[PDB]
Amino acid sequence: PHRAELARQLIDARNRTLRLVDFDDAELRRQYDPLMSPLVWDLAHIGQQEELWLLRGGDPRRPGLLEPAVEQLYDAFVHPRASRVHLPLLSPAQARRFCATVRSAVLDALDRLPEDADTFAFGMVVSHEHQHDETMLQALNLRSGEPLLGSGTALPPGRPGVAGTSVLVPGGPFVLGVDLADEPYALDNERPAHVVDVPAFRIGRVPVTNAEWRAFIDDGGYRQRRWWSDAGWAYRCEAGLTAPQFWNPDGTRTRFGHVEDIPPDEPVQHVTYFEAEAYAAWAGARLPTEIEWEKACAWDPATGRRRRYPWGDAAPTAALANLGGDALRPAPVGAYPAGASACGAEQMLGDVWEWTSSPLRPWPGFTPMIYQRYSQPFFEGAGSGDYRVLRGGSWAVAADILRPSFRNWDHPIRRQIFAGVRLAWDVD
């Protein structure tokens, strides 16, 4: 909002990016997994997108620092993830230089903007950079070899009495989504604020834990097709799923290259949508819709009002939620009692992205932002395949870019993302 605050947010995002690529050139060029770009791709792409949206008015016909053919190497629509390791990409030195030149021009542009000028694009780019920072963390977690990152900063302890339990979300109208007047940098798929009727339902007080997931494995959950959808079972069989990713046969897990015991009370992480819906069915429950999820997060039934965050309007802090990337893991369930929503659901923001049963769809009145292909190509039926929405952010998401209305999405077969499960139930 204040130009100084935007500059601070862009600088904070770039600091984060540069820490994540502060390794030798050969590391940045490696393909850690065919699902993921080499880190050097995301680095140059971050700069190219910043240039496009802030210096070139989102018009690719306007000249950029790079030749158009070079610039198009960083267009995700043209280049599948797996192919990017073989593309003739900018070197790390070239990419850093390019990023720095763009940033210098962007900070100058910010200083020159007329009073009361619109600054939406600047906040959109802050969001874009942080989201690629989480993508790069996914890649670093997939990397085979001795750890490049540490084990993460301290988190609060969990507490007993929350795991497995649910809270009631009384039925009726609520306001879904937000307007720019409320949230000046809400992305296009979050808008507009509008009323929806949501029947009474219950939602998990905390996410499903590792120890709870182990019970699903031990009971033969991955060997019993009745819990799975037709597509989910087919995929389970094709991919040979038998446990969350990174769980090892000896009962340990590998997290950013660190082999460690699986903590029993941590939210389960790195499971597919198909695994999530199967666990839910086996447990006597289901997945929430994203609309149910957002009502549980943001609505205060005592006041008939939306809250800015589940806890109220206070900016996120380390006492309220696990965000920002430093922990490199979710916190034990029950670790954030003060971060509870009005209905009592805890850890809705931060820790793990939570699968929902909803495909990405526009709210009525949707209109695209300057980056018109950010949401639209991935709407249900738009021709890009199947997606399911995830909510709430993970331990890796910057507080600056997260809201109850924020919408992530991915193919249901993906689990290298930092994703877990929160249950829901019908109420008769």
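So that there is no doubt, residue numbering starts at 1 and follows the sequence shown.
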Average Cα temperature factor in the PDB entry - higher stretch of 324-332, 148-156: 148-156
209-217 versus 296-304 - which carries the larger mean C-alpha B factor in the record: 296-304
Residue selected from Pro249, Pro267, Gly350, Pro337 by maximal Cα B factor: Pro249
Deposited CA B-factor, highest of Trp395, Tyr387, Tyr32, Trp41: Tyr32
Ranked against its chain, the third holding the CA B-factor of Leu137: lowest
CA B-factor ranking of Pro288, expressed as a third of its chain: lowest
Chain-wide C-alpha B factor ranking for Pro244, given as lowest, middle or highest third: lowest
Modelled-residue ranking by C-alpha temperature factor, third containing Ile46: lowest
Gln94 - which third its CA temperature factor falls in, relative to the rest of the chain: highest
